[PDB]
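Quick notes on the structure that follows.
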Protein chains: 2
Amino acid sequence: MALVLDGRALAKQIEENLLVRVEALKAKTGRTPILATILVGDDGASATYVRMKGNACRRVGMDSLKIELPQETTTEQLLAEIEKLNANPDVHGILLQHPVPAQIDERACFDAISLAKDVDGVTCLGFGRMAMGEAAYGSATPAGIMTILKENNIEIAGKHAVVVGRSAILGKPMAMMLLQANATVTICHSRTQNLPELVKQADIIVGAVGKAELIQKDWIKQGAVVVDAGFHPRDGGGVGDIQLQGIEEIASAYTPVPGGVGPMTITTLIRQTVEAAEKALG
Amino acid sequence: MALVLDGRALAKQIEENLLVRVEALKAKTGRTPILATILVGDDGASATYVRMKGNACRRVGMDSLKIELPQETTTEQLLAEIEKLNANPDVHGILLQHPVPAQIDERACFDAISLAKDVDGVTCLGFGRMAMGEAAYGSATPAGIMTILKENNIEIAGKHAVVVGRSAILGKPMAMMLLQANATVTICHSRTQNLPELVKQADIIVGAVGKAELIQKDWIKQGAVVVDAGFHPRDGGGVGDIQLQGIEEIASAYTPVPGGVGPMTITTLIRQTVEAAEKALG
Ligand SMILES: Nc1nc(O)c2c(n1)NC[C@@H]1CN(c3ccc(C(=O)N[C@@H](CCC(=O)O)C(=O)O)cc3)C(=O)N21
Ligand SMILES: Nc1nc(O)c2c(n1)NC[C@@H]1CN(c3ccc(C(=O)N[C@@H](CCC(=O)O)C(=O)O)cc3)C(=O)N21
Ligand SMILES: [Cl-]
């Protein structure tokens, strides 16, 4: 049977280390690390993930500054809020939960976040630096995925990694991170032809399409490493972007859904915020 | 049978209106657009390419500011020179010819160039912005290749593009630009295990390895679009990264070497300099 890539376990483990680090920092400086979380509008999943990220902050001994803005917020209004957080020395990281209301230029607002506080890794600057091997906080989910792979001793160098999806915060950074780790990388999307064949060639497959079980189990190469970055709620167990039923007979290793990529998304954000606080308060 | 993708003819065509634009800007403002070229050390090819770029500037009514620094220039020294040029209002674009001497952190120096003057498209910020679809000067060679494909009506959307090579100024930006044009993109490099297999599936193949005729003609798909971004001088006619002798029997369209990608590398830099000058002066 396939190795279960246990992101839930790894997240908890990482948080135990973060906790002692945060407590040491507070004891030395008297100051608490702070993630500013920006939630714009009433999207349910967005509310949930910000809630979970706030919880993660408190588990490791830090806190969050919760910024809640109405659905009708303008790009200019959100930019003003982000600049207030940039200029606040008490705020160490800034999260803008995506997707913001569609009238807002989300890209412009991402890029307004100062690099030093880009702990979710959403800036063009941060992306470009990461792609070219320079120090920068990585996009939360992709960086979480790399950590899962690394800490489970998964071979990446020389493997053919197929990333299905090319989103700004997930697919694109994932591809560039795998490339930096010396995988041959294929990037697919909605205009990709022969997707089943490309997926079948993959030694490592990353489902990042935001559509329930789009990647079919019979497309998966026998022995492949299967990363499912999706989540779609359902009665009696939610599912991701990949058909994972019976995956244990097919993959060499796989991330379960729930409890795989998800927990490591949140914990990666918090770890990078601790790093930012450690730097800022050191 | 193949369509020759004539970069030399396209470069000449494009310069016609660039000259009109520059002469209009000069007549209107009384100021001459300047590209600052930085040549560090004794690389013969670098010197040759810098002169070609200086010549190209002058062909369209602009001028160059020739910065020549010694072989043993340090990172600190180069950075200081770039900051002088950033703060020079008479300089509208900055080129740092690669590869600088080994002791210099080239990435750090590329990134010191102000985005507004990054007309060669070498900054991490420029790369990330391009990758995320924000307006930015693109890396000269890749952007030139996209122009060649567009001007020759080459279908990109939905094609399987394979880019062999992943360098900062060529392979990586090439990959993202093709991705932006809705190709499915596979990025190969020195740790790719079955390079011939992958090249054989390429609808569009980009040779960006810097090794004479490494990409074999036997690997090319019948009807492929073939882009050779290499140049290696030989007695009575240099060769690129791809075996092109007899390529006309196999490719639907191909870039000759010489006279393909090269001319459009220079034209792209000059065009983006014209753009920078117009923005700065107009
Ligand atoms: N800026 C920004 N950064 C992010 O990193 C995110 C963002 N926007 N918007 C959506 C994605 C998705 N996402 C996220 C985070 C955690 C989980 C997670 O842990 N999910 C559980 C199942 C419960 C559920 O998803 O509601 C899991 O075990 O996978 C899922 C998505 C998240 O946090 N994302
Ligand atoms: N920063 C930076 N930007 C660039 O855009 C370049 C750089 N460094 N260093 C090397 C590459 C390669 N390069 C370049 C430019 C023009 C030509 C060219 O036009 N070559 C002729 C043949 C003559 C020859 O190559 O000596 C051709 O028709 O291809 C070849 C490489 C160039 O300008 N490059
Ligand atoms: Cl001339």
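Ordered as shown in the structure tokens, chains take letters A, B, and onward, while each chain numbers its residues from 1 and ligands are numbered from 1 in the order shown.
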Original post:
Taking only C-alpha atoms into account, what are the residues of chain A at most 7 Å from chain B, put as a PyMOL selection string?
Top reply: chain A and resi 124-125+127-129+132+158+168+182+184-188+191-193
Subject >> Those of segment 40-271 of chain B in DSSP alpha helix (DSSP H), formatted as a PyMOL selection string >> reply: chain B and resi 44-59+75-86+106-112+124-131+140-151+171-180+195-200+261-271
Subject >> Surroundings of ligand 1 up to 8 Å, based on only C-alpha atoms and all ligand atoms, as a PyMOL selection string >> reply: chain A and resi 8+45-46+48-50+52-53+95-99+120+122+139-141+169+229-233+238+257-266+269
Env. residues ligand 3 / 9 Å / only C-alpha atoms and all ligand atoms / as a PDB file with N, CA, C and O atoms, in the first residue's frame:
ATOM      1  N   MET B  52      26.608  45.480 -31.054  1.00  0.00           N
ATOM      2  CA  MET B  52      25.446  45.261 -31.913  1.00  0.00           C
ATOM      3  C   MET B  52      24.234  46.013 -31.366  1.00  0.00           C
ATOM      4  O   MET B  52      23.464  46.608 -32.127  1.00  0.00           O
ATOM      5  N   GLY B  54      24.404  48.684 -29.210  1.00  0.00           N
ATOM      6  CA  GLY B  54      24.715  50.101 -29.421  1.00  0.00           C
ATOM      7  C   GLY B  54      24.387  50.544 -30.840  1.00  0.00           C
ATOM      8  O   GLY B  54      23.774  51.599 -31.046  1.00  0.00           O
ATOM      9  N   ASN B  55      24.794  49.739 -31.821  1.00  0.00           N
ATOM     10  CA  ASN B  55      24.503  50.020 -33.232  1.00  0.00           C
ATOM     11  C   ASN B  55      22.999  50.078 -33.503  1.00  0.00           C
ATOM     12  O   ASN B  55      22.517  50.978 -34.198  1.00  0.00           O
ATOM     13  N   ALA B  56      22.271  49.109 -32.951  1.00  0.00           N
ATOM     14  CA  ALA B  56      20.821  49.043 -33.097  1.00  0.00           C
ATOM     15  C   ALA B  56      20.148  50.289 -32.514  1.00  0.00           C
ATOM     16  O   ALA B  56      19.226  50.829 -33.123  1.00  0.00           O
ATOM     17  N   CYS B  57      20.607  50.739 -31.345  1.00  0.00           N
ATOM     18  CA  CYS B  57      20.100  51.984 -30.750  1.00  0.00           C
ATOM     19  C   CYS B  57      20.245  53.141 -31.736  1.00  0.00           C
ATOM     20  O   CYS B  57      19.297  53.887 -31.984  1.00  0.00           O
ATOM     21  N   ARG B  58      21.440  53.270 -32.302  1.00  0.00           N
ATOM     22  CA  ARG B  58      21.745  54.366 -33.211  1.00  0.00           C
ATOM     23  C   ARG B  58      20.941  54.285 -34.516  1.00  0.00           C
ATOM     24  O   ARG B  58      20.534  55.319 -35.045  1.00  0.00           O
ATOM     25  N   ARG B  59      20.679  53.070 -35.001  1.00  0.00           N
ATOM     26  CA  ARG B  59      19.845  52.869 -36.203  1.00  0.00           C
ATOM     27  C   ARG B  59      18.430  53.436 -36.064  1.00  0.00           C
ATOM     28  O   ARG B  59      17.830  53.847 -37.058  1.00  0.00           O
TER      29      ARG B  59
END
**OP:** For residue 255 of chain A, please output as number ranges by chain all residues within 10 Å (counting only C-alpha atoms; exclusion window: fewer than 5 positions along the same chain).
**Re:** A: 2-8, 145, 148-149, 206, 225-229, 244, 247, 260-262
**OP:** State, in Å with one decimal place, the distance from atom CA of residue 32 of chain A to atom CA of residue 85 of chain A.
**Re:** 15.6 Å
